[PDB]
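Cβ: placed from backbone, ideal geometry, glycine included. Neighbour counts: every protein chain shown. Computed from the coordinates by the stated procedures, all read-outs in this text should not be read as laboratory data.
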Amino acid sequence: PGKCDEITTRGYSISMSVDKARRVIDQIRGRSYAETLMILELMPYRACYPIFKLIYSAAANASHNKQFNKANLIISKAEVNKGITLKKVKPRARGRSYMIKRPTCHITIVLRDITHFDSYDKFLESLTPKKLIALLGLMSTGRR
Amino acid sequence: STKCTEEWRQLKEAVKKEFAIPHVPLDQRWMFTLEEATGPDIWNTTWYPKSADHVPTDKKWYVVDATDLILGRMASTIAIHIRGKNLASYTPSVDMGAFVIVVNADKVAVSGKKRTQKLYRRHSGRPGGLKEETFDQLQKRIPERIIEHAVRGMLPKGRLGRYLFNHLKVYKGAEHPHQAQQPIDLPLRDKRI
Amino acid sequence: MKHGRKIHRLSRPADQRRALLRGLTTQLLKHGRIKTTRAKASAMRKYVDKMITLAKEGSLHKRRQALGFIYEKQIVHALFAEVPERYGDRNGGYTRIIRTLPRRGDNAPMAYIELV
Amino acid sequence: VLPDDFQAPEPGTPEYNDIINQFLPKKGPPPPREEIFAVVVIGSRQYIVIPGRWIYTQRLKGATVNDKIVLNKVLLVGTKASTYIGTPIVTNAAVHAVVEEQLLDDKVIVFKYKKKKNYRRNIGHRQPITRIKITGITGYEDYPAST
Amino acid sequence: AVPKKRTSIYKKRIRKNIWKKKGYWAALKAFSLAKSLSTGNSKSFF
RNA sequence: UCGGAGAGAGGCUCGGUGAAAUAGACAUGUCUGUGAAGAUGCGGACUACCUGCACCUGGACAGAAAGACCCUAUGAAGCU
RNA sequence: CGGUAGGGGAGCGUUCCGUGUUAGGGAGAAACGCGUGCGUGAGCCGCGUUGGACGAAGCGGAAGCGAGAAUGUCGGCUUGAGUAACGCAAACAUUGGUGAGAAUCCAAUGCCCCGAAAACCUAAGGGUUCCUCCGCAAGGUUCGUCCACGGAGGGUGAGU
RNA sequence: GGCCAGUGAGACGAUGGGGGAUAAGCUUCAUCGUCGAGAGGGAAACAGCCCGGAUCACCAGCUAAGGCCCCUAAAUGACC
RNA sequence: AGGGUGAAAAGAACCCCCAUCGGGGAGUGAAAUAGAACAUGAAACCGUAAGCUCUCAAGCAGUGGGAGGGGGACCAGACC
RNA sequence: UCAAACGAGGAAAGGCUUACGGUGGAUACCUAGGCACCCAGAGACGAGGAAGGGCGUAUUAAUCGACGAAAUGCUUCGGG
RNA sequence: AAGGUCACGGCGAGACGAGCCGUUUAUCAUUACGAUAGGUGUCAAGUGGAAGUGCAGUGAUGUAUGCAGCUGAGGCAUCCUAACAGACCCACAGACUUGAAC
């Protein structure tokens, strides 16, 4: 859970295919809200616009539910899953019939502010662990 | 912050020095240090070499002089050192061998009628490309492919004989450009050459 | 192979391409600034430079060839009363190929033609 | 709901480096056993035996737990300087050992199948093994063969 | 013409990720166009 | 003979929508030999960095479809 | 003490029933997932920040009783694959308008097509598809603000 | 004898023959061995050829057939 | 062919994104990861994050040995 | 400084393992609905218009049930 | 950082990627480079005498202006238009070991 850092926004099963939503969602991973704001303004995809709608309604969410800024805010994971697929019995010649599936997505985009401490030096102190819980909230290479 | 990668890297190297232990070589060595008898049971299982046992820095270097030496028995006695079957550390899954250097590839002897009747033919994928090519034609043309074709069929042609194929250093001249580990001459056990 | 075939053919057959050229340069001379695709933009650029310099020398033969090329009647006679007063001393280069965003539905590279 | 804060107790970091450099490294000495070594013959197979080692072997015919058992079938007993090459057994030899609690080793799934001739057999085997701890080797002071 | 068998998860994730990496290559171009669309004298985008 | 050029609709690229037959799993080379007597899968050698795109179809005894031809059934049926 | 076709002996599991309104169980049953455990194995036992009300063992019985095969069968989801195709080669283009969003809806101007029709009316058939407003979940082989689509209301007047 | 099954398509190798062309991994018999229903080792691979009969474990030893230059375990062993 | 949110609709007042659909706070509830596609939700299937590792490599993808590396550990030799 | 030897260390899709998700509705617990016996009973109805339907009836959508221009119901006698 | 990639204007290159040539005070002067594509101005070149007028003819038509008129995928000249505005990748002595002289 990261101790109250991220903002998770889900999405409806929108009426488009999952894979093109996954190339346009694998583009904007890791980049902050300004770069995705200018790229998804100009990306030449039809899957671009509900993704930009969910980023916009995700950072406006992050500014109204929480109280953050739209500049120190990077996209955390932005996972796109499968949805419900409709079945369309479409006839074709020599008396055949083909199932044409209408696919839907399931977009869940997580946003991530930097709410940091930015400690002065690195040097380890193996004392007062009930302060070591609070001083270390998000770091790397956890030993013991 | 370069000090994150540099200083935490040197802390990881520091605890690499503190936790882990070096691996002692097998020279004037007894059974165990008193730390080793507390560690794993490396006695009753078969000894398997670690990474500090097959370092290519401290491998042996051998120089034969192929003047008036017959080809195939020289290739077998180069093979028996190129594997590592003259060492008691021989495991056939790792590269325990030794680098060899063969000078004077232009003057390799053969017995009988090899020089005019033994063919080093080759072929690409398409038909009608089988290249007629005899022993005197390579020995006139490129002699250091002779011995290199003799010992390549002596080594296990998988992923590991291909690795110890590069240990072979054959040169047609009278002088080799290597001064790597002061290459001691190769010991022979072949009374018929 | 297309070595040195400097005609710029569109995604349309020959006579339909001619009608696209005449109609789009006609309404280009009507409105001045126009939204095309870029292939249509350069294809307008050659022919509309031919139509500016065609009625630059306002004779009857140039006016009759120029009326023969352009569709609308009252736009050729609004042209030679305008191009020597405006596009004298320019000596070529009567347009500008300001590009814009691609078109929603095709990703068509979309351009925008001036008169300058 | 906010970023939490900087906390202000005004701490001072102890950079004396005589407490953390005492805490982080560990001083653990190995126990010096002695300079001796034998090769015992148990069942059929031979074991490298040094004084103090949790070996596994075969005997579950009968041997009580925590028993003090001499393994007198010794060949090639060896010190740091000299070894004693055993014409078959070194005489009056005694590897003192502690036969500990008996064990069953890991499962060896003996499953046999031939081919389309429809035959398959899942059986298993738990070998009745015995772990032995070694006390010390003695009775070995005849015919030295140092080089 | 008719496929003899099917592909693995292996080869399919390779080909689909080459398709989506081919989608990755056409947005740093869009980042460059979106960056040149910003404040500056550029003779385009009326 | 003996092909050659040009115009469209496809094919190639981009944006949208988006199947199908098929499919034991496929980490799916060539020669040569062996084998239920025509092997990417077994053996020896040689050759091949990984992975796409566009064409061609020699093989996968390719896909179809419980061989219409041949034979068997103490089968069925039409006809004489 | 190898074993196919096959024959015999001994067992595990499943759901229900007798004991059974059993022991146990919202202090977590069945399920589902887990094992440094035990068995010759079918399996048992134990642990679960998941789940929420049933239900063991032992001694016995009865089966719609055990799955990898039947070009089995019924649902779900893959491969081919983001590939073929997008339903004539009458042909559209621009400027405005509406909107959150317009190649596609509307308006205008040119261009182009049928014109013994690709025009208008009636027989059959269909049955509300006709008209205003609203909507864009599904359908339209793309989009859509549009629709023969969805919702509400209306509409078919005979002495000839 | 009682109860109760399968099987009744065999294949190759040696010997004894017939059919053939003393041709076939051919066909039919008679005795035997293997496979079928047989694992392992030798035979490069390879049902029937040789050794050999797999209850299971061991990071135990000795051997049969067959081998002791290298790939690949053991002799670049000795003497004619 | 399509059953089962709760015990009770107590079915989400109000704020933001916004044309809707939907989403996030807040509120109801014991449970909102019981939100109307709503009860336990398994496999195939599609994904994302973490550890190790593949671009001179021939392989029914295993298994025996195990280089190097990572993780918790307590019978620290063990386990994955 | 030069020459020679080795190719580590971080290096990509992906492979494995683990964790968390989405489609999916197997498993577990049910039921709102069925199946089969036993004991009785009934197999009646209809020109006094039947079984079965069509249309319609409520203050105001559609569907089902009840009802029939006396229509989402009526008269009388009993229960409550 | 050097060097690439995108974009940009295209090609005697090309299915797409590639490749190649440009990417502007786009010379100044005494003598080879800083014209990429389009337009323009001319020159090769193709068809071949245009419109309008006059003349001859009753009229079809012929004739002079007039190798004129259109075409200009090719050559040269010309900065008139577009080569603007950018963006991104790759950085920070290149592990370990021997020999030689300095």
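Contact map, the stretch E:27-46: residues that are within 16 Å of A:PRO44 (Cβ to Cβ) paired with residues that are within 16 Å of RNA strand I (Cβ to nearest atom) and assigned to a helix (DSSP H, G or I), Cβ distance under 8 Å, separation 6+ or inter-chain. Pairs shown: E:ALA27/A:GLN27. Of the candidates A:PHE68, A:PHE117, A:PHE123, the single residue that is closer than 30 Å to D:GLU15 by Cα, within 14 Å of another protein chain (Cβ to nearest Cβ), surrounded by 13 or more Cβ atoms within 10 Å (Cβ to Cβ) and more than 12 Å from the chain's Cα centre (by Cα) is A:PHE117.
A count restricted to the stretch B:69-118 and to residues that are of a type in the set (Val, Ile, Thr), over 25 Å from B:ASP136 (Cα atoms) and away from RNA strand J (no atom under 16 Å from the Cβ) stands at 2.
With respect to D:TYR16, is the statement that it is under 16 Å from D:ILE129 (Cβ atoms), within 13 Å of another protein chain (Cβ to nearest Cβ) and not small (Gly, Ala, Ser) true? So D:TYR16 does not fit the description; no. Contact annotation: residue pairs with Cβ atoms under 6 Å, 6 or more positions apart or on different chains, pairing a residue in the stretch B:43-57 that is part of a loop (DSSP other than H, G, I, E, B) with a partner that is near RNA strand I (Cβ under 8 Å from one of its atoms), are B:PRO49/B:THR91; B:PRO49/B:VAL94; B:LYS50/B:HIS23; B:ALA52/B:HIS23; B:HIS54/B:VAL94. Being surrounded by fewer than 13 Cβ atoms within 10 Å (Cβ to Cβ) and touching a strand residue (DSSP E or B) at 6+ places or on another chain (Cβ under 6 Å) holds for only one residue in B:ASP27, B:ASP68, and it is B:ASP68.
Just checking, which of D:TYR113, D:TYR56 is aromatic (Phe, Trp, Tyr), surrounded by 13 or more Cβ atoms within 10 Å (Cβ to Cβ) and within 16 Å of RNA strand H (Cβ to nearest atom)?
On the way: D:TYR113 fails: surrounded by 13 or more Cβ atoms within 10 Å (Cβ to Cβ).
Only one candidate passes the filter, namely D:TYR56.
Checked against (1) of a type in the set (D, E, K, R); (2) within 15 Å of RNA strand I (Cβ to nearest atom); (3) part of a helix (DSSP H, G or I); (4) in contact (Cβ under 8 Å) with a residue 40 or more places away in the chain, B:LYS12 passes all but condition (4). When the residues of the stretch E:1-19 are filtered to those that are within 14 Å of chain A (Cβ to nearest Cβ) and within 11 Å of RNA strand I (Cβ to nearest atom), the one that is farthest from the chain's Cα centre (by Cα) is E:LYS12.
For the residues D:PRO51, D:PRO29, the requirement of being within 16 Å of the chain's Cα centre (by Cα) and not in a strand (DSSP E or B) singles out D:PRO51. Consider D:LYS61 carefully, then state whether it is away from chain B (no Cβ under 11 Å) and surrounded by fewer than 14 Cβ atoms within 10 Å (Cβ to Cβ). Judged against the criteria, D:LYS61 is a match. Selection over the stretch A:18-29 of residues that are surrounded by 18 or more Cβ atoms within 10 Å (Cβ to Cβ) and within 14 Å of RNA strand J (Cβ to nearest atom) gives a count of 6. Looking only at the stretch E:29-46, filter to residues that are more than 9 Å from chain A (Cβ to nearest Cβ) and not in a loop (DSSP other than H, G, I, E, B); which one of those is farthest from RNA strand H (Cβ to nearest atom)? Of everything passing the filter in the stretch E:29-46, E:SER36 is farthest from RNA strand H (Cβ to nearest atom). Set side by side, the residues E:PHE31, E:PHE45 differ, and just one is surrounded by 10 or more Cβ atoms within 10 Å (Cβ to Cβ) and at positive phi, which is E:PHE45. Selection over the stretch C:53-86 of residues that are closer than 26 Å to C:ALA19 by Cβ and not in a helix (DSSP H, G or I) gives a count of 10. Taken together, the residues in the stretch A:9-43 that are part of a loop (DSSP other than H, G, I, E, B), of a type outside the set (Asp, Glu) and over 16 Å from A:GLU79 (Cα atoms) amount to 4.
Tallying residues that are surrounded by 10 or more Cβ atoms within 10 Å (Cβ to Cβ), in a loop (DSSP other than H, G, I, E, B) and either within 14 Å of chain E (Cβ to nearest Cβ) or away from RNA strand F (no atom under 16 Å from the Cβ) (or both) within the stretch B:156-193 yields 14. Can you confirm whether the stretch B:82-97 contains a residue that is touching a residue at least 60 places away in the same chain (Cβ under 8 Å), surrounded by 18 or more Cβ atoms within 10 Å (Cβ to Cβ), more than 14 Å from chain D (Cβ to nearest Cβ) and within 16 Å of RNA strand F (Cβ to nearest atom)? Yes, the stretch B:82-97 contains at least one residue that is touching a residue at least 60 places away in the same chain (Cβ under 8 Å), surrounded by 18 or more Cβ atoms within 10 Å (Cβ to Cβ), more than 14 Å from chain D (Cβ to nearest Cβ) and within 16 Å of RNA strand F (Cβ to nearest atom).
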